[PDB]
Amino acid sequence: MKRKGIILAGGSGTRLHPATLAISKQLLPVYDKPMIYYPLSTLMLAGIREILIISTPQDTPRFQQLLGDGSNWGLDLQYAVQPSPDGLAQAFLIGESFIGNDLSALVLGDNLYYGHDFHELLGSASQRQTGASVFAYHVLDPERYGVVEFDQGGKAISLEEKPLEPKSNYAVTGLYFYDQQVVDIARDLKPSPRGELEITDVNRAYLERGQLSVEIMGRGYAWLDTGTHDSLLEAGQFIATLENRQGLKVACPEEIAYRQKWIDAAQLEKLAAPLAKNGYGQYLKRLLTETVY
């Protein structure tokens, strides 16, 4: 059974205005590449090739201009709009027709992940054909996120959205895997006191049915914060330190497509040509003639 992906790349309201007045946050580069390249690359590593990008009406065309129909990276990209920022769960109403009867995965357009064995850690969620799979990650400021409580045996027993008195320091990350129940669960959701359709209600419903796998994303992964000006900066520094150390890029979509065998060496060469006079183009070229373990 094939899994469809959704990147929700919608409005951060005015919270980061004026930095984000002219353009939506997920088109801003983090270091050497546009933000959206990072969650897209995540979906690609989880093996997902059919992807719906959801964003504001102003910006959809900009995302289209940047990513096209995906055919150049061996993907099949489609697009849809979120008129008003009415909750992350709204993705599933908007995405209903695109999901159809398949399994799905939702990733937040501004969430960056890095680490070892990231294929395998996604795999284990990607290969469960039933229920929902989310990830929990220790953070300093759990109040800002969805907080998962574990019992003494490490079983997930409550989820709470931006709690004033968090039950743990474990935050739900912005990567979610779902079966064919998600749309129907989404459709029955009531708005919350904040006026939002919450992804935590979606995930609570799977918990109450005993069908939520909460997999731990360990301290040895980077899950980076793009929610303040400060953190956005920390992230660029973080990526640039890795890339300049290794001479290898994090979350380069072309490279993921090439290594998954979704495009061949001739196609990778054609993608490199129009950027040949810069580092990124030069990087794509070098991938054709280097073995990387």
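The first residue of the sequence shown is number 1, and the count goes up from there.
Engineer: Averaging only over Cα atoms, indicate whether 194-202 or 173-181 has the higher B-factor in the PDB entry.
Structural biologist: Stretch with the higher mean C-alpha B-factor: 194-202.
Engineer: What stretch has the higher average Cα B-factor here, 272-280 or 17-25?
Structural biologist: For C-alpha atoms only, the mean B-factor is higher in 272-280.
Engineer: Based on the PDB record, which member of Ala80, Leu106, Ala222, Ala125 exhibits the highest Cα temperature factor?
Structural biologist: That would be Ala125.
Engineer: Can you pull the Cα B-factors for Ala136, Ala132, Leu93, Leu112 from the entry and say which is highest?
Structural biologist: Answer, based on the entry's C-alpha B-factors: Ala132.
Engineer: Which third, lowest, middle or highest, does the CA B-factor of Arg62 fall in along this chain?
Structural biologist: Tercile = middle for this residue's CA B-factor.
Engineer: Consider only the C-alpha atoms of the modelled residues in this chain, order them by B-factor as the entry records it, and name the third containing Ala257: lowest, middle or highest.
Structural biologist: Ranked within chain, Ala257 CA B lands in the middle tercile.
Engineer: Pull the Cα B-factor of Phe150 out of the PDB entry and bin it into the chain's lowest, middle or highest third.
Structural biologist: Its C-alpha B-factor, which the entry lists for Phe150, ranks in the highest third among residues of this chain.
Engineer: When the modelled residues of the chain are sorted by Cα temperature factor, does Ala235 land in the lowest, middle or highest third?
Structural biologist: According to the entry, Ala235 has a C-alpha B-factor in the chain's lowest third.
Engineer: Sorting by Cα B-factor within the chain, modelled residues only, which third would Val214 end up in: lowest, middle or highest?
Structural biologist: Middle third of the chain for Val214's C-alpha B-factor.
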